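Each remark here refers to the structure printed beneath this line.
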Amino acid sequence: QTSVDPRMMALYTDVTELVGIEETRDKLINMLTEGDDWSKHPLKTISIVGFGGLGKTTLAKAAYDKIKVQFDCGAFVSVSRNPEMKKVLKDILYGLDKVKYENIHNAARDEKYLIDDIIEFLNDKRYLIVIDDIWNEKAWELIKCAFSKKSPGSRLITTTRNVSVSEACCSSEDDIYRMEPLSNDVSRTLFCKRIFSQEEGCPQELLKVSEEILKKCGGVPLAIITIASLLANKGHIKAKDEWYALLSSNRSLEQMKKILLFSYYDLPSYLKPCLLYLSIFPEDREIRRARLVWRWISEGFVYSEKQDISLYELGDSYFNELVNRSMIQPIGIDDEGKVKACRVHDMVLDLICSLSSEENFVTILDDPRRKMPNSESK
Amino acid sequence: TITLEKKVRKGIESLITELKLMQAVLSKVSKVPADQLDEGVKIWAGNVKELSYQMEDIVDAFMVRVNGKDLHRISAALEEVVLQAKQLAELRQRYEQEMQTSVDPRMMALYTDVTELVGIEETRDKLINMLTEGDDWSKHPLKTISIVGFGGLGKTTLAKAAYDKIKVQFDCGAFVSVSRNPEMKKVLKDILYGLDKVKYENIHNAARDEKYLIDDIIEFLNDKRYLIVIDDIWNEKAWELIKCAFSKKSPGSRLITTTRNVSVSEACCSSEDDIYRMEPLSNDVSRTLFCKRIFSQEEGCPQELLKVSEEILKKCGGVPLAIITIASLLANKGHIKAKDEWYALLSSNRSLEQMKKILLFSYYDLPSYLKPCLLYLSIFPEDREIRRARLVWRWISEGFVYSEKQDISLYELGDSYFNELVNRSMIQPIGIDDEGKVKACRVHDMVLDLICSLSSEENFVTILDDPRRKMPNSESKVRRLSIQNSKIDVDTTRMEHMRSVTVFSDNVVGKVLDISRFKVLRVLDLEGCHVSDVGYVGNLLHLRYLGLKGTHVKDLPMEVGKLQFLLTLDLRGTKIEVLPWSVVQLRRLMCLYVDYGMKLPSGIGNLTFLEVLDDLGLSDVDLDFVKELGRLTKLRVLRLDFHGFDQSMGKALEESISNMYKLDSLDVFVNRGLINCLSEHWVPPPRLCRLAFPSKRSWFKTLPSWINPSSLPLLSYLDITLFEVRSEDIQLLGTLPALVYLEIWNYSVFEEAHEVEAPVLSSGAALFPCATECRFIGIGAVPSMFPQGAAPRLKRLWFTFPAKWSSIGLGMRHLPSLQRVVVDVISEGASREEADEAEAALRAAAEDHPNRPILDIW
Ligand SMILES: Nc1ncnc2c1ncn2[C@@H]1O[C@H](COP(=O)(O)OP(=O)(O)OP(=O)(O)O)[C@@H](O)[C@H]1O
Ligand SMILES: Nc1ncnc2c1ncn2[C@@H]1O[C@H](COP(=O)(O)OP(=O)(O)OP(=O)(O)O)[C@@H](O)[C@H]1O
């Protein structure tokens with residue numbers, strides 16, 4: 001049969017296991033209400049952006065559960081990558097009132113009548129609605145119709161991985177919240193709590209390997225949690241040399257890989273090679289963009305049939321699109337007014353290296369790891 | 001050599017069958033919108049198209065040229081093309097692996113805010129008045145209104161506005177939309193659910209046939225007033241079925257329908273007064289919409305942008321969809337773009353994709369045999385207008401028009417194709433031809449861009465402009481070429497397989513390119529160019545259309561007799577005087593345009609199949625010529641000149657004319673004097689439909705006797721100048737059944753010194769059925785002409801009135817439909833004091849009429 005989205009179980013995680021939410025939760029809550037007469041201003045929309053595994057839907061869920069009391073009706077809907085609009089509208093309706101629209105998932109009407117139902121139900125009410133995991137523009141363009149009328153005091157929240165989608169949702173660029181990774185102390189406490197759960201005392205021999213591992217994670221809660229479960233080995237903590245072996249180099253790991261690969265399976269077909277090409281450069285350094293663009297043009301990944309196009313600006317567009325989908329961190333400003341360099345997360349780099357190795361796209365030569373392929377003549 | 005002949009025949013028959021199959025497949029493919037095809041099928045279809053072109057060329061070569069060398073070349077080409085076909089088949093089979101739906105883009109527009117519509121109030125109130133129209137509207141029978149126009153014009157918006165405004169004064173209503181390929185069950189369920197959301201709340205899950213749903217609708221509407229809107233009807237069967245639910249009679253109920261097709265609207269409404277034709281916005285309204293959309297708050301356009309703004313607004317054409325999309329494109333909500341960027345856009349995103357997808361519905365709906373005929377319009381320049389006869393003859397020459405019936409003329413098929421294109425609101429017709437049909441046509445500019453892109457993606461047509469649209473980067477096989485900017489230079493050494501060349505340049509460099517190398521041509525069109533002489537027209541052997549109009553050609557090579565296939569030969573405005581004799585030997589020839597100053601050779605009787613002959617000389621000609629004229633039997637248009645023609649032999653000419661059974665139009669031009677032909681006891685052809693004598697200085701005597709409505713049952717046009725008109729001559733014209741148009745001159749009033757005599761009509765009613773215009777130039781009377789109310793369709797009247805008759809009444813209430821009157825007064829007999837008296841009198845007589853026509857005294 002078909003499997004279920006691995007991100008669904010995370011909605012049933014206990015609340016006493018979240019480390020550093022209070023600050024961000026209260027900041028978002030203040031961004032929503034913001035005043036004493038917030039219940040008299042026009043409808044507002046907030047959006048949250050970042051890369052996968054950063055903790056967006058967790059924060060939205062926290063704020064929603066905290067302040068849902070001060071409204072009349074609300075819902076918490078999730079849109080996937082390839083959505084069916086009927087399903088989304090039925091989900092909204094069933095979330096607004098479980099009794100009246102109890103059998104709404106069996107009705108067979110088109111989108112116009114479902115939108116009319118949503119409009120009629122929301123007349124003269126304050127509502128708080130969260131829409132999750134939007135992946136492109138058409139979906140929002142259609143769902144926006146149900147919130148066309150004006151309603152003083154109502155609020156919308158959306159979460160996404162794509163930046164242009166967030167610019168299209170919100171009106172002002174002050175209504176965008178950018179998720180950012182945890183600090184070092186918070187990450188360390190999460191780690192300890194996750195593994196040394198009760199002692200919360202790290203032995204000394206493990207300190208420096210712990211620090212290098214935490215640096216490799218980068219403050220992303222998903223990676224921290226998965227590696228902590230890997231090293232926990234609930235029966236027994238592993239040995240120091242085994243920690244070293246892991247650093248140099250299961251269900252949770254498969255889940256993390258499957259989750260991160262959503263952004264790769266979503267790219268247009270002409271952008272997949274341009275991404276794998278990043279597995280040529282070493283780990284932590286940064287890459288000049290001009291080098292990348294000229295090498296892409298030389299390899300033959302950039303072409304068009306129009307008569308009046310310059311390949312340089314096509315390549316630049318490809319680079320900006322890769323940055324747009326939150327798969328690359330830009331750094332600095334070039335001497336011609338553009339980005340200077342780019343960085344890549346380390347787990348993403350490992351995924352890319354494995355993907356590109358499974359197809360003879362690139363062969364790397366390190367002595368400890370990644371030696372010559374055993375049986376390959378080409 | 002006997003064996004070779006037998007083999008080539010077999011190969012050709014095989015190719016013909018294969019061509020049929022390939023065309024079936026391609027037509028099947030070309031229906032799917034581009035978003036549902038996969039790349040494999042698309043690539044394979046392109047290659048199949050190319051092979052089809054090659055095989056057509058081989059078949060044509062065999063048909064024309066049939067010796068040893070020819071048969072050898074043909075056998076070689078046959079073998080090669082068969083091999084290529086097999087190879088492509090294997091290639092497709094090698095990489096075949098088997099391994100949601102979007103929403104209508106027009107749906108979001110129903111949720112647009114109402115404060116963003118600019119100029120609705122007037123049209124909205126006009127439609128509302130067309131619906132109610134009175135105080136007792138709630139007691140008249142059921143009425144149906146329809147709205148027509150092209151896409152993006154604002155039909156459903158207007159319907160929605162009126163509906164929301166007046167829905168209160170009814171009991172029940174609904175707003176349903178039918179798509180292109182509808183399911184009738186879904187439409188009926190939609191109506192039911194719209195009428196009552198509570199009772200029929202779960203109606204979309206019921207599973208009954210159409211009969212029971214129709215019965216439910218009929219039972220619910222019993223004893224109620226309802227207002228129902230039905231949207232986006234695309235053909236006739238849908239309405240034919242939905243009409244059954246509104247079969248009973250219900251006083252006070254109303255229906256509205258909106259559509260893009262004209263025949264559908266004629267089938268919905270009863271009277272042609274219940275049709276609303278949407279028309280684009282004016283210039284001021286369009287400009288305010290533009291500004292509002294972009295400069296939203298300032299509403300102040302900077303000066304440097306004024307003229308580019310005006311050119312852009314002219315290109316949009318007043319269609320709200322285009323205005324809105326281009327305004328969003330130039331807005332760039334972050335920042336208004338720069339002036340040079342505006343220029344770049346003018347010379348040359350989500351909203352743009354949506355607009356293209358919306359406009360392409362009318363293209364994906366055409367029958368398969370009409371899609372090429374539309375793409376062919378991408379050959380002509382942007383804003384000019386196109387003659388329809390040119391189009392029709394070029395379509396026939398290219399091979400787009402064919403049928404298997406035995407008794408059909410391709411000219412009327414082509415005319416039907418043109419009228420169908422006009423019917424679907426994809427072409428704007430302009431003017432009236434000299435044979436009673438449309439003259440020219442225009443195309444919207446965005447539609448033109450869409451057509452150009454579509455036709456370019458398939459090597460259908462290659463255009464040559466220097467700034468944009470240069471030679472294709474990697475293309476060795478070009479079939480149809482269109483030269484518009486003579487600045488470019490052409491290679492024309494790889495273009496072996498041309499089919500059609502057209503030059504639009506007044507420029508000298510236009511005549512520079514060599515033509516004798518295109519050994520396979522079908523259409524040569526040099527109309528307007530300044531070429532001087534063409535001796536290479538022979539040795540082409542494949543032509544079908546030779547268009548030389550308005551060129552400086554002095555004389556033709558006496559080798560045109562070799563072109564055994566030549567449908568059209570157009571010589572007008574050239575400097576030719578005598579046609580070469582070998583012209584007689586063009587057995588397949590269907591159209592001959594020529595000036596009356598050119599000498600035709602003798603044996604013209606051999607040119608059977610002639611369907612159109614223009615401006616015969618008829619001067620310095622013997623009798624056997626006028627007798628030969630009687631052999632062209634299937635001839636539908638004729639024009640004569642009678643210039644030097646001796647009027648002693650008119651009887652033979654009239655017999656030869658009476659011999660042509662199929663015939664529609666006829667002209668006779670005579671300089672002066674009395675016309676000494678077409679005597680009485682003539683028996684005109686039965687199907688005649690248009691007759692004209694544009695002389696205006698050569699009169700008939702009293703009237704031809706053969707004008708009785710039995711001999712000419714069909715007639716919709718007439719133009720005669722009589723010597724002296726009687727009173728019981730207009731009577732005979734009243735007897736004529738159709739007679740849409742009419743124009744009579746009285747020769748004695750002007751050239752002689754006779755005076756205007758008042759004609760009186762008597763003994764009858766309904767004298768002029770279907771007479772929309774009448775110009776009695778030389779004779780006039782308003783009341784006594786039309787007693788009891790006759791000609792209840794007239795719209796323009798021309799008559800003369802002496803000032804003597806100031807002391808007959810000018811009451812214009814006999815005639816309801818009057819809209820325009822043109823008068824001229826003769827003031828020498830009566831004094832000025834009677835003159836201004838009569839002027840004010842007829843002015844008041846025009847003012848009392850409810851329609852309030854316009855006057856002109858002259
Ligand atoms: N502050 C935190 N403390 C502990 N765990 C956290 C915290 N924030 C997030 N997590 C954990 O991170 C995991 C993934 O987070 P989440 O799925 O909310 O990120 P996301 O932005 O929704 O990812 P995606 O963009 O793929 O939907 C969850 O299992 C959650 O338990
Ligand atoms: N008077 C107006 N002012 C502003 N916008 C208008 C006006 N009329 C129409 N529009 C806009 O034009 C767009 C298309 O109009 P509409 O779809 O009603 O035309 P239509 O005749 O229904 O087209 P189709 O024949 O394809 O259904 C709509 O988005 C509407 O907002």
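Each chain of the structure tokens is named A, B, ... in the order shown, its residues numbered from 1; ligands are numbered from 1 in display order.
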Test item: residues lying within 9 Å of ligand 1 with only C-alpha atoms and all ligand atoms, as a ChimeraX atom specification: /A:7-15,17-22,48-61,132-133,159-161,179,182,186-187,190,220-225,259-260,262
Distance-based interface of chain B with chain A, 10 Å, counting only C-alpha atoms, as a ChimeraX atom specification: /B:100-103,105,107-113,186,189-190,193-194,201-205,350,468-474
Within 7 Å of ligand 2, counting only C-alpha atoms and all ligand atoms, residues as a PyMOL selection string: chain B and resi 106+109+112+116-120+149-158+232+259-260+289+320-321+358
Can you write out the residues you just picked, keeping N, CA, C and O atoms, as a compact mmCIF listing (two decimals), in the first residue's frame?
# COMPACT_ATOMS: atom_id res chain seq x y z
N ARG B 106 -10.73 30.76 -14.99
CA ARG B 106 -11.75 31.79 -14.94
C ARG B 106 -12.56 31.75 -13.66
O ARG B 106 -13.43 32.60 -13.48
N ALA B 109 -12.08 34.77 -10.95
CA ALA B 109 -12.61 36.08 -11.28
C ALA B 109 -13.97 36.33 -10.64
O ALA B 109 -14.37 37.49 -10.52
N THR B 112 -13.55 38.48 -7.39
CA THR B 112 -12.99 39.82 -7.45
C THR B 112 -13.90 40.81 -6.74
O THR B 112 -15.13 40.73 -6.85
N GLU B 116 -13.67 47.39 -7.78
CA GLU B 116 -12.59 47.46 -8.74
C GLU B 116 -13.07 47.42 -10.18
O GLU B 116 -12.25 47.31 -11.09
N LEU B 117 -14.37 47.49 -10.41
CA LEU B 117 -14.91 47.53 -11.76
C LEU B 117 -15.17 48.97 -12.15
O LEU B 117 -15.70 49.75 -11.36
N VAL B 118 -14.81 49.32 -13.38
CA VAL B 118 -14.73 50.73 -13.75
C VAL B 118 -16.03 51.23 -14.35
O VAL B 118 -16.66 52.14 -13.80
N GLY B 119 -16.44 50.67 -15.48
CA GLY B 119 -17.52 51.28 -16.22
C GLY B 119 -18.77 50.45 -16.39
O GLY B 119 -19.31 50.40 -17.50
N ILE B 120 -19.24 49.81 -15.33
CA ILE B 120 -20.37 48.90 -15.48
C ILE B 120 -21.72 49.60 -15.46
O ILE B 120 -22.62 49.19 -16.20
N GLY B 149 -19.84 37.65 -27.63
CA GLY B 149 -18.61 38.40 -27.77
C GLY B 149 -17.43 37.46 -27.72
O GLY B 149 -17.58 36.25 -27.64
N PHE B 150 -16.24 38.04 -27.75
CA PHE B 150 -15.04 37.24 -27.65
C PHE B 150 -14.61 37.09 -26.20
O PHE B 150 -15.18 37.70 -25.29
N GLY B 151 -13.60 36.26 -25.97
CA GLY B 151 -13.17 35.96 -24.62
C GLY B 151 -12.51 37.15 -23.96
O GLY B 151 -11.89 37.99 -24.60
N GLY B 152 -12.65 37.21 -22.64
CA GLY B 152 -12.06 38.29 -21.88
C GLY B 152 -12.78 39.61 -21.99
O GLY B 152 -12.23 40.62 -21.56
N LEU B 153 -13.98 39.63 -22.53
CA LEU B 153 -14.68 40.88 -22.77
C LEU B 153 -15.49 41.35 -21.57
O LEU B 153 -15.77 42.55 -21.48
N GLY B 154 -15.88 40.46 -20.68
CA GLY B 154 -16.60 40.87 -19.49
C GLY B 154 -18.06 40.48 -19.49
O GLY B 154 -18.90 41.24 -19.00
N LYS B 155 -18.38 39.31 -20.02
CA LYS B 155 -19.78 38.90 -20.11
C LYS B 155 -20.30 38.39 -18.78
O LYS B 155 -21.31 38.88 -18.26
N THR B 156 -19.63 37.39 -18.20
CA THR B 156 -20.10 36.83 -16.94
C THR B 156 -20.04 37.86 -15.83
O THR B 156 -20.85 37.80 -14.90
N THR B 157 -19.12 38.81 -15.90
CA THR B 157 -19.09 39.87 -14.90
C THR B 157 -20.36 40.70 -14.94
O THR B 157 -20.96 40.99 -13.90
N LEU B 158 -20.80 41.07 -16.14
CA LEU B 158 -22.02 41.85 -16.27
C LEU B 158 -23.23 41.04 -15.83
O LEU B 158 -24.13 41.56 -15.15
N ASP B 232 -21.51 30.21 -20.45
CA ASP B 232 -20.42 29.54 -21.15
C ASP B 232 -20.92 28.32 -21.93
O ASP B 232 -20.37 27.23 -21.84
N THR B 259 -22.33 33.40 -24.07
CA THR B 259 -21.61 32.50 -24.95
C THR B 259 -20.68 33.28 -25.87
O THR B 259 -20.79 34.49 -26.02
N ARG B 260 -19.75 32.55 -26.49
CA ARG B 260 -18.83 33.09 -27.49
C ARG B 260 -19.29 32.84 -28.92
O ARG B 260 -18.72 33.42 -29.84
N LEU B 289 -9.01 52.75 -16.06
CA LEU B 289 -8.76 51.41 -15.53
C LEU B 289 -7.27 51.14 -15.43
O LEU B 289 -6.78 50.66 -14.40
N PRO B 320 -10.85 44.21 -21.38
CA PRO B 320 -10.38 44.32 -20.00
C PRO B 320 -9.35 43.29 -19.60
O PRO B 320 -8.47 43.60 -18.79
N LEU B 321 -9.42 42.07 -20.14
CA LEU B 321 -8.45 41.05 -19.75
C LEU B 321 -7.04 41.47 -20.11
O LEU B 321 -6.12 41.39 -19.29
N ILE B 358 -6.43 31.00 -21.33
CA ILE B 358 -7.84 31.33 -21.50
C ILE B 358 -8.18 31.56 -22.96
O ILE B 358 -9.19 31.07 -23.46
Shell around residue A:140 at 9 Å using only C-alpha atoms, local window under 6 positions removed, as a list in words: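 Counting only C-alpha atoms, the residues come to residues 134, 165, 168 and 169 of chain A.
Relative to atom CA of residue B:196, atom CA of residue A:97 is found at 22.0 Å.
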d(atom CA of residue B:369, atom CA of residue B:42) in Å: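 Going from atom CA of residue B:369 over to atom CA of residue B:42, I get 20.2 Å.
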Test item: residues at most 9 Å from residue B:376, only C-alpha atoms, excluding those fewer than 3 positions along its chain, as a VMD selection string: chain B and resid 371 to 373 379 to 380 391 395 451 455 460 to 461
Helix (DSSP H, G or I) positions in stretch 55-198 of chain A, given as a VMD selection string: chain A and resid 56 to 70 85 to 96 104 to 106 111 to 121 137 to 147 163 to 169 184 to 195
For stretch 346-361 of chain A: contacts at 9 Å, only C-alpha atoms, fewer than 2 positions along chain excluded, given as a PyMOL selection string: chain A and resi 216-218+223+257+260-261+273+275-280+283-284+327+344+363-364+376+378
Would you export the selected residues with N, CA, C and O atoms as a tab-separated table (two decimals), in the first residue's frame, please?
chain	number	residue	atom	x	y	z
A	216	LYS	N	28.82	20.03	13.69
A	216	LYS	CA	28.36	19.46	12.43
A	216	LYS	C	26.85	19.53	12.30
A	216	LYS	O	26.34	19.68	11.18
A	217	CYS	N	26.11	19.40	13.40
A	217	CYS	CA	24.66	19.46	13.32
A	217	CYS	C	24.19	20.84	12.88
A	217	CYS	O	23.33	20.97	12.01
A	218	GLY	N	24.74	21.89	13.48
A	218	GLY	CA	24.46	23.23	13.04
A	218	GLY	C	23.29	23.91	13.71
A	218	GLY	O	22.88	24.98	13.26
A	223	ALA	N	18.35	17.19	13.06
A	223	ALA	CA	19.63	16.49	13.07
A	223	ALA	C	20.08	16.17	14.48
A	223	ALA	O	20.57	15.07	14.75
A	257	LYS	N	16.51	11.21	6.23
A	257	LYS	CA	16.87	11.29	4.82
A	257	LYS	C	15.65	11.47	3.94
A	257	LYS	O	15.63	12.32	3.04
A	260	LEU	N	14.38	15.10	4.25
A	260	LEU	CA	15.18	16.11	3.57
A	260	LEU	C	15.11	15.98	2.06
A	260	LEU	O	15.32	16.96	1.35
A	261	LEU	N	14.82	14.79	1.54
A	261	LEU	CA	14.84	14.66	0.09
A	261	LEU	C	13.62	15.25	-0.60
A	261	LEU	O	13.55	15.19	-1.84
A	273	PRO	N	21.00	18.29	-12.07
A	273	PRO	CA	22.46	18.20	-12.20
A	273	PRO	C	23.18	19.36	-11.56
A	273	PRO	O	24.16	19.15	-10.83
A	275	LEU	N	22.61	20.88	-9.02
A	275	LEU	CA	22.75	20.68	-7.59
A	275	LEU	C	23.79	19.61	-7.28
A	275	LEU	O	24.66	19.81	-6.42
A	276	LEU	N	23.74	18.48	-7.99
A	276	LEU	CA	24.69	17.41	-7.70
A	276	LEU	C	26.11	17.86	-7.93
A	276	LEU	O	27.04	17.37	-7.27
A	277	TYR	N	26.31	18.81	-8.84
A	277	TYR	CA	27.64	19.33	-9.11
A	277	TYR	C	28.30	19.91	-7.87
A	277	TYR	O	29.52	20.06	-7.85
A	278	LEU	N	27.53	20.24	-6.84
A	278	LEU	CA	28.14	20.77	-5.63
A	278	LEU	C	28.90	19.73	-4.84
A	278	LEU	O	29.61	20.10	-3.90
A	279	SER	N	28.79	18.46	-5.17
A	279	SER	CA	29.50	17.44	-4.41
A	279	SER	C	30.96	17.33	-4.80
A	279	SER	O	31.63	16.40	-4.36
A	280	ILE	N	31.47	18.25	-5.61
A	280	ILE	CA	32.87	18.22	-5.99
A	280	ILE	C	33.75	18.94	-4.98
A	280	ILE	O	34.91	18.55	-4.79
A	283	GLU	N	34.44	20.09	2.30
A	283	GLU	CA	33.29	20.09	3.20
A	283	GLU	C	32.87	21.49	3.63
A	283	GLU	O	31.78	21.95	3.30
A	284	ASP	N	33.72	22.19	4.39
A	284	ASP	CA	33.24	23.32	5.16
A	284	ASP	C	33.54	24.65	4.46
A	284	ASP	O	32.86	25.64	4.73
A	327	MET	N	18.08	25.96	-0.12
A	327	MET	CA	19.01	24.85	-0.17
A	327	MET	C	20.46	25.30	-0.15
A	327	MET	O	21.36	24.47	-0.18
A	344	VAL	N	26.91	25.27	2.24
A	344	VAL	CA	25.99	24.14	2.26
A	344	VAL	C	26.05	23.48	3.63
A	344	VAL	O	27.13	23.33	4.21
A	363	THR	N	33.43	11.15	-8.87
A	363	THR	CA	34.23	10.28	-8.03
A	363	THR	C	35.22	11.12	-7.24
A	363	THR	O	36.05	11.83	-7.82
A	364	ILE	N	35.15	11.02	-5.92
A	364	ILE	CA	36.01	11.77	-5.02
A	364	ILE	C	37.16	10.87	-4.60
A	364	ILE	O	37.02	9.65	-4.53
A	376	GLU	N	34.85	-0.35	-11.46
A	376	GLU	CA	34.40	0.71	-12.36
A	376	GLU	C	35.53	1.03	-13.33
A	376	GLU	O	36.62	1.44	-12.91
A	378	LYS	N	34.79	3.07	-16.14
A	378	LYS	CA	34.41	4.31	-16.81
A	378	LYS	C	34.08	5.37	-15.76
A	378	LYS	O	33.02	5.32	-15.13
At a cut-off of 9 Å, using only C-alpha atoms, what residues contact residue A:286? Leave out same-chain residues fewer than 5 positions from it and give the result as an mmCIF file with N, CA and C atoms, in the first residue's frame.
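Contents of selection.cif, freshly written:
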data_model
loop_
_atom_site.group_PDB
_atom_site.id
_atom_site.type_symbol
_atom_site.label_atom_id
_atom_site.label_comp_id
_atom_site.auth_asym_id
_atom_site.auth_seq_id
_atom_site.Cartn_x
_atom_site.Cartn_y
_atom_site.Cartn_z
ATOM 1 N N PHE A 281 33.235 19.916 -4.295
ATOM 2 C CA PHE A 281 34.035 20.778 -3.447
ATOM 3 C C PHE A 281 34.135 20.223 -2.035
ATOM 4 N N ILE A 331 26.418 34.249 0.936
ATOM 5 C CA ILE A 331 27.386 34.931 1.788
ATOM 6 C C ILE A 331 28.048 36.052 1.004
ATOM 7 N N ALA A 341 29.593 34.302 -2.384
ATOM 8 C CA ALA A 341 29.860 32.887 -2.204
ATOM 9 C C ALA A 341 28.637 32.212 -1.609
ATOM 10 N N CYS A 342 28.744 30.904 -1.405
ATOM 11 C CA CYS A 342 27.636 30.137 -0.868
ATOM 12 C C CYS A 342 28.172 29.026 0.018
ATOM 13 N N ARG A 343 27.360 28.622 0.988
ATOM 14 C CA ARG A 343 27.670 27.524 1.889
ATOM 15 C C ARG A 343 26.552 26.493 1.861
ATOM 16 N N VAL A 344 26.905 25.270 2.243
ATOM 17 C CA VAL A 344 25.987 24.142 2.262
ATOM 18 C C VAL A 344 26.046 23.482 3.629
#
Stretch 698-854 of chain B: residues DSSP assigns to strand (DSSP E or B), reported as a list in words: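 The strand (DSSP E or B) subset of stretch 698-854 of chain B is residues 699, 700, 720, 721, 722, 743, 744, 745, 746, 773, 774, 775, 776, 777, 796, 797, 798, 799, 800, 801, 802, 820, 821, 822, 823, 824, 825, 826 and 854 of chain B.
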Polymer residues at most 12 Å from residue A:33, only C-alpha atoms, same-chain spacing of 4 or more positions, as a list in words: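 That gives residues 26, 27, 28, 29, 37, 38, 39, 40, 41, 42, 43, 44, 45, 46, 63, 67, 68, 70, 71, 128, 153, 154, 155 and 156 of chain A.
Proximity of A:274, A:333, A:99, A:339 to residue A:315, computed with only C-alpha atoms, is greatest for A:274.
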Selected residue, from B:683, B:195, B:604, B:446, that lies nearest to residue B:316 when counting only C-alpha atoms: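 With only C-alpha atoms as the atom set, the closest residue is B:446.
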Atom pair atom CA of residue A:245 / atom CA of residue A:202: separation (Å):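 Going from atom CA of residue A:245 over to atom CA of residue A:202 covers 18.8 Å.
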Given only C-alpha atoms as the counted atoms, nearest of A:290, A:79, A:362, A:297 to residue A:338: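 Closest to residue A:338 of all the choices is A:290.
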